[PDB]
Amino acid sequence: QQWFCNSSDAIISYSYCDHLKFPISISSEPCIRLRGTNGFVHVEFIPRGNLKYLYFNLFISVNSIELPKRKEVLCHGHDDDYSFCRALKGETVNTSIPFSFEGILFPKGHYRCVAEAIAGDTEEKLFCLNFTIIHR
């Protein structure tokens, strides 16, 4: 809907969540191969809050079987690894984030992952993406 790509073992797409539509352009280069991928996550958006304490809530499901909520902190508030942790509310963010992963066996089937970005100082929701990953 909002974006999608084809991997050799994965079909990945996302929309905005039904409850939050704050805009953001995310993509990966190349498309993510669940067997393993080295690439970049390109992000361009204008955040609705400071990113000094940005973290994510990930609600993942495999074939309608839900995993516990996981929290992934990206900016801890002190000497953070990423240049966008400095970004303020209303500031244009344009960055490419390198990533590299490998060697986890994923079960085949239909994954859902709503990714909820939170400004950790105010606990306010920055945006929410509804992901769909079809493995195989």
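Whichever C-alpha set is largest while still superposing within 1.5 Å between the two forms counts as the rigid core. Position 1 is the first residue in the sequence shown; the rest follow in order.
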Task: RMS Cα shift after core superposition in 6 other deposited structures of this protein, winner of 95-103 and 70-78 - done: 95-103
Task: Larger mean CA deviation from the shown form in 6 other deposited structures of this protein [core fit; 79-87 vs 107-115] - done: 107-115
Open item on the list: Please compare 47-55 with 99-107 and say which has the higher mean C-alpha temperature factor in the record.
Closed with: 99-107
- [ ] Higher average CA B factor in the deposited record is what I'm after, so tell me if that's 86-94 or 57-65.
- [x] 57-65
TODO: Please rank the C-alpha B-factors of the chain's modelled residues and tell me whether residue 22 sits in the lowest, middle or highest third.
DONE: middle
Task: Within-chain third of residue 126 by Cα B-factor, per the entry - done: middle
Open item on the list: Quick check on the deposited entry: does the C-alpha B-factor of residue 78 sit in the lowest, middle or highest third of its chain?
Closed with: middle
Open item on the list: Using only modelled residues of the chain, where does the Cα B factor of residue 119 rank: lowest third, middle third or highest third?
Closed with: lowest
